[PDB]
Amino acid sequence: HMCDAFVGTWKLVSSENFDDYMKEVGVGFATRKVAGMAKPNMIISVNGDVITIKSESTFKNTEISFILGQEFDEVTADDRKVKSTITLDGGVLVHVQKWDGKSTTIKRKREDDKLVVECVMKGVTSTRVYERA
């Protein structure tokens, strides 16, 4: 029942500072423009200890499955090949991606009826808000 309040189908309804976050990550112009338009659906499910997060959008469809605390390889939507570890910290899913000596952290939390996604690269944060679909 670890992540019960995350499970479901979620739709992106607002984004702030995502272009600057993607710049800080190293995403190139064309991908930033097209990826910034997307309004993904995020589908979260749990089966035993395995959590699956799917993102479906006009830009890219992605899917990760993982066990908390157990590192896995991830190819991100912008085509980075990263090593990811996701933990639960005080009810927040904390997702750290490592690649090429760099690191970014994505935090996912429930706030009211929203799922709030905070993406941090160095000093730059983007906040992406999802609602139930």
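For every residue, the number given is its place in the sequence shown, counted from 1.
Enquirer: Taking the recorded C-alpha temperature factors, which stretch has the higher mean, 78 to 86 or 64 to 72?
Expert: On average, C-alpha B-factors are higher across 78 to 86.
Enquirer: Comparing 103 to 111 with 53 to 61, which has the greater mean CA B-factor as deposited?
Expert: So the stretch with the higher mean C-alpha B-factor is 53 to 61.
Enquirer: Take the CA temperature factors straight from the PDB entry and tell me which of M22, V120, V13, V116 peaks.
Expert: Among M22, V120, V13, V116, the highest C-alpha B-factor in the entry belongs to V13.
Enquirer: Per the PDB entry, which option out of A30, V46, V94, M42 has the greatest Cα B factor?
Expert: Spelled out: the listed residue with the top C-alpha B-factor is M42.
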